[PDB]
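Just below is one structure, and these are the notes that go with it.
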Amino acid sequence: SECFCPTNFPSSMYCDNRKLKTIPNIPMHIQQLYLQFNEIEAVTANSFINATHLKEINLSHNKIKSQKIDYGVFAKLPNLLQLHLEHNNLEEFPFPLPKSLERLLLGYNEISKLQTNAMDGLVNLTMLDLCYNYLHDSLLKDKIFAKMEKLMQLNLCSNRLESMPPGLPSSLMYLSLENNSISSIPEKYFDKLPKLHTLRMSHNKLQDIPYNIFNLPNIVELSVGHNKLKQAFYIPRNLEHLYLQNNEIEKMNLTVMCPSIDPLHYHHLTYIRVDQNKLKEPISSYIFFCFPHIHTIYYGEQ
Ligand SMILES: *[C@@H]1O[C@H](CO)[C@@H](O)[C@H](O)[C@H]1NC(C)=O
Ligand SMILES: *[C@@H]1O[C@H](CO)[C@@H](O)[C@H](O)[C@H]1NC(C)=O
Ligand SMILES: *[C@@H]1O[C@H](CO)[C@@H](O)[C@H](O)[C@H]1NC(C)=O
Ligand SMILES: *[C@@H]1O[C@H](CO)[C@@H](O)[C@H](O)[C@H]1NC(C)=O
C-alpha cells in the first residue's frame, strides 16, 4: 500500500517521494526499487530478505548513515548492478558490496573514511561517483582503484584532494577532479591512462605543469578553467573542446599550440574558451590553418 507496483512493469516498485521513514518489505520478484526522496536513516536486512533479484536500488536523497546500514544487506544481492546512495549522510565508503556492481553513486555525502581493501572485488564497476565528499590524499594513496579494470568513469570532484590520485586503472576514460586543491601533476602521470577521453580539472591550483603533460592521444575534452596557468600548451590531435577560462594567460602562443601542420591529419579542435584570462587581442588568425575545424573561440571579457 505504501508503494506503487505497476502491473505492466511488474518487476518495478516505486516508493519514492513518500516521506517514508523505513524501507518497506520488498517482494521477491522486485528487480528495480525506487526509494529516493524519503526520510530513510537505516538500511536493515529484514526489508530485503527475500529480494534476491534486485538489480537496481535508488536510495538517493535520504538521511542514511554508514553506521545504520546492516552488514551484508547489499552484499548478499548477487545481481545488483546499480546502487544510488547520493545525497545521504554517509561518512564512510560502504562495505561490503556485491561484486556484480556496475554503477555506484555516492555523491553528496560526508565520506572521510575509506577502509583498506573496501574496493576489492568491484571488478565490474564502470562508473563510480564520489563527488561532494571529504576525501583527501591519504585515503587514495595505496592505488585503491587499481583493480577496477573495467572502470570507465571516476568522479572525484568537490573533495579535499591535494594531489592527482595515483595508480588509476588504465581502462579509464572520464576523470573529474574539479574543485579540489591540486597544484601539480607528476611527470609521467598520464602514461598509463591512454584511454582518457574527458579530463575535468577546473577549479584547482594548477600552475607549473610539465611541458606536454596534456599530450594525450585519445583526449576529446580538456577542462582546466579556474586554475593558475600562464601559458598555452601543445594541443593533441584528438582534442575537440578546450576550456581555459579564468586562468592567468597573457597570450596564446600559436607555435606552442601547433608547431607543425600535417595536412593528411588535421587536429580535431572545435571549441576554445578563454574568457577571463589576461589577453589583450584575439588569437592569431593562423589558428584556423592548423585547426580547420574550429567553429567557436569564446573570449568574453579579460
Ligand atoms: C521471506 O520468505 C521466507 C521463506 O524463504 C520467510 O520465512 C520469511 O518470513 C519471508 N519474509 C517476508 C514475507 O517478509
Ligand atoms: C562481471 O560481468 C560478467 C558479464 O558481463 C559476468 O560474466 C561476471 O560473472 C561478472 N562478475 C561478477 C563478479 O559478478
Ligand atoms: C567546491 O566544493 C564545495 C564543497 O566541497 C562547494 O560548496 C563549492 O560550491 C564547490 N565549488 C564549485 C565551483 O563547484
Ligand atoms: C612562443 O614560444 C616560444 C618558446 O616558449 C618562444 O621562443 C616564442 O617567442 C613564443 N612566441 C610568442 C609569445 O609570440
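Whatever order the structure lists them in is the order used to number ligands and atoms, beginning at 1. Basis for what follows: all heavy atoms, side chains included, without hydrogens, waters or symmetry-related copies. One is the number of the first residue; the rest follow in order along the sequence.
- Aromatic ring pairs are classed by plane angle as parallel below 30°, tilted from 30° to 60° and perpendicular above 60°; the pair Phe190 and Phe214 is tilted.
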What verdict does the salt bridge (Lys or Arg N to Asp or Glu O under 4.0 Å) test give for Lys230 and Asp208, after you've listed the backbone C-alpha separation in whole Å, the side-chain angles of each residue and the deciding distance to 0.1 Å? CA-CA 8 Å; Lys230 297 170 282 158; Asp208 290 304; 3.2 Å; yes

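- Residue contacts with ligand 4: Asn253 is placed with a nitrogen or oxygen under 3.5 Å of a nitrogen or oxygen of the ligand (distance criterion only).
- For atom 9 (O) of ligand 1, no protein heavy-atom neighbour is present inside the 4.0 Å cut-off.
- Protein heavy atom at the shortest distance from atom 5 (O) of ligand 1 is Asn50 OD1, 3.7 Å.
- Against a heavy-atom cut-off of under 4.0 Å, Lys99 is close to the following atoms of ligand 2: 12 (C), 13 (C), 14 (O).
- At least one protein heavy atom sits closer than 4.0 Å to atom 2 (O) of ligand 4.
- Between the side chains of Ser158 and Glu178, no donor N or O sits under 3.5 Å from an acceptor N or O.
- Taking 4.0 Å as the cut-off, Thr255 does not count as a neighbour of ligand 4 on heavy-atom distance.
- Among all non-hydrogen protein atoms, the one lying nearest atom 14 (O) of ligand 2 is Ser100 CA, 3.5 Å.
- When the heavy-atom distances from atom 6 (C) of ligand 2 to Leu125, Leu101, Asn124 are ranked, the shortest goes to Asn124.
- Contacts of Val256 with ligand 4, taken as heavy-atom pairs under 4.0 Å, involve the side chain alone.
- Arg200 and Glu221 are joined by a salt bridge, as a carboxylate oxygen and a charged side-chain nitrogen come within less than 4.0 angstrom of each other.
- Side chains of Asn46 and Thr44: a donor-acceptor N/O pair is absent below 3.5 angstrom, by distance only.
- Using cut-offs of 30° and 60° on the angle between ring planes, the pair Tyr14 and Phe4 is tilted.
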If you apply the rule side chain to side chain contact (heavy atoms under 4.5 Å, CB included), what do you find for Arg237 with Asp262, and how did you get there? CA-CA 10 Å; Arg237 176 208 279 204; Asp262 186 335; 5.7 Å; no

